[PDB]
Structure formats: structure tokens, C-alpha cells
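The form deposited in one PDB entry is given below as one chain in C-alpha cells.
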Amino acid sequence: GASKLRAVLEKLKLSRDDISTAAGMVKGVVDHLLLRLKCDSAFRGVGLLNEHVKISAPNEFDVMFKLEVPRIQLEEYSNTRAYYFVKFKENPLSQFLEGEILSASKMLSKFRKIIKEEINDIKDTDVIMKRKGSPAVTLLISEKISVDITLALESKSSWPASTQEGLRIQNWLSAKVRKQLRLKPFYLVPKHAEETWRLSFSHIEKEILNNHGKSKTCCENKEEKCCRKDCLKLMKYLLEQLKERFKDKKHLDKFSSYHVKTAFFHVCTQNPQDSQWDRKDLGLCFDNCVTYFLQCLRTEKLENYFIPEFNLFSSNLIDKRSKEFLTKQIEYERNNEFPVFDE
């Protein structure tokens, strides 16, 4: 229970601090790519959004480039609630226009082109490009260190209608904090469902996790140490280890860490009191996460945290057979003190 889990977490800490010069190298490579991209006309206002994608793989990094687009006209695609076309009312991005719709594909292509020419331009460190919508471009710094650069439109207008009932943090973080978060911009990233774009709130997880308690002083002193971050880390690591166990099969290909995050923040809404995440109760709180996740698999309901009407576990998205397979795997694990945490 709690002791075994804390040992898993200390192991993860020793793994992650594998000389964190990888962070400095990716910082440099990204600062160079941005330095070149801001020269081109189609990419004048590009920037960093603010970052690890895997806990078991401290060499796999993830970075997002924002590109502000004012006076943007969003058109929902076929009742999806999640995908949109980008339109306009001269234009800097006139190069990517196809009719009135803004082509993700043309945009991504000029992006990749600029980045390929500039990685060849750097004759100091070894950087290789691989092409496979999101992630947009994946790069390899010198060996084993991989960086996934994504491109996003940024809109500083109010969030689209589909998110109205979403971000249900009022009982936990507060109504005040929900309102101030919704005043932050929102993002769009290429993703096929068609030149459809998809809503993106990757900047909100950081905001919530850095200020995560109902008490403003949570995790700021000895008496108020909670285990929320640790439970999220263990849920990410649980899914990652199961996916590694079946990497040669497709059984789990359709589950991702964002299913884990969605379920975790639902449990945070369910369990708003800091008293329900006491550090001492790690084993219990984690069990709370697992059970909830299991319940979502069995009921085939996992609402997206921002667009509640979009079901991430809909039968039209993930197979019932995959959902039962992961159900059985997770249940075995919880019944056996999670041996998968051991490689």
C-alpha cells in the first residue's frame, strides 16, 4: 500500500534526474528553432506556450509552439463538439487558406520545412528529424532524447460554447478560480476526425497542479502535505507500464495519459477536501483513483474535463474489447499490490 507506493515514487525520482542536461539541450534547440521561425512571414508571432510526456522515459520531451490568430471564426464540425474549421472575415496566413477554411496541412508542411532546414543549419549538436497531425514534428537530439514539437493556434477570445458546463472545479478550487481560468486563451491543434482543428487546454493542467488545494496553503507547509500530484504520477505510470507490457500488441493503443489525467481530475472534483488527499493516505487515495478509472471503463463513460458532452470512452472511439482488457489488467494489478510497477 502506502509504503510500496512511496518506494515506486522514489524510484521514479532517481530515474528522472538522469543528468538533466537534456533539459538544457532541448531548451537550446527550441530557442534556435524559434529564433529562425520568427523571421518567416507566415510565422511572425510564434512562441513557446510555457515539459515531460513520459515519467518512465525522462528522455521523451514535449514542447508546444503557439501562433496567435486574431479575428478567428470557428465553425463546428458535424456535431463533434471538439473539432472546428478556422475561417476569417489581406491576411498574414493567406498562404494556408483553402477557400475560407485554414488548412492545417499546408501550415504543418511549411513548419516541417523550416525546421528541417534549420536543424541541418546547426553543426554543433546532432539533431535528426522524423515525420509521421499531433505531434506535428518529432526530433532526436544526439541519441535517446526525443522532443515532440506541436503547433497551435492561440485565440484570446472567450472559450467556445461547447465548454460551458466544463471545468467543474467550483467545489474544489473555487468559482473564482474557474472564472479566472476561463479568461485565459484557448488553443487549436491539427487533428483528423478534413482540415479540422481540435481544442487544446494543455496549459490548464500546469495551472491547476501548481495550485491544487482547496486551501491556498496546501503543500506549502508540514501540516498540509497532500498526495494529489503523487496519485496522478502513479496513474500515469500504471498506464505506461501496462502499455509497455503490451507494446507488441494493439490491445492498449487507444489509451493515452490524457485518459488518466481526465479521470484523475474528475476524482479531484469528486473529492474536493484536502483532508481526502492526506499524504499519509497515499495507498487509499490512489485506490480511489483506480476504482474510479475502472468504473469509467466498465460504464464506458469518461467525459472530457472541458467539453463534458464528449465521451472519451464512447463505443465509437474505443472498443468494448479493449476496455474490458484494460479493466481485467488493472483489476489484477490492484488485487496483487501492482507488480507491473516492477519493470
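The first residue of the shown sequence is 1; numbering continues from there. Think of the rigid core as the biggest set of C-alphas that the two forms share within 1.5 Å after superposition.
- Figure legend: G133 is marked as unmodelled in at least a third of the other comparable entries of the protein.
- In terms of unmodelled positions of the deposited sequence, the chain runs continuously from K179 to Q180 in this entry.
- Per the record, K216 and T217 are directly connected, as no deposited residue between them is missing from the model.
- When 314-322 is weighed against 300-308, 314-322 comes out higher, by mean CA B-factor as recorded in the entry.
- Relative to one another, 145-153 and 224-232 have unequal mean CA B-factors, and 145-153 is the one with the higher figure.
- For the set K184, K206, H251, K87, the maximum C-alpha B-factor listed in the entry falls on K87.
- Highest C-alpha temperature factor among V260, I122, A161, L167, as the PDB entry reports it: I122.
- The entry lists a Cα temperature factor for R279 that places it in the lowest third of the chain's modelled residues.
- When the CA B factors of the chain's modelled residues are split into thirds, the value for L35 lands in the highest one.
- Among the modelled residues of the chain, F96 sits in the highest third by CA temperature factor in this PDB entry.
- When all modelled residues of the chain are sorted by CA temperature factor, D62 is found within the middle third.
- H212: CA B factor lies in the lowest third for its chain, per the PDB record.
Below, we turn to the form deposited in another entry, even though it does not appear here.
- Of the residues listed here (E98, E220, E165, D121), only one shifts its CA by 2 angstroms or more between the shown form and the other one after fitting on the rigid core, and it is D121.
- Relative to the superposed core, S20 undergoes a Cα shift of 2 Å or more between the shown form and the other one.
- Residue displacement note: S56 has its CA displaced by at least 2 Å between the shown form and the other one (rigid core superposed).
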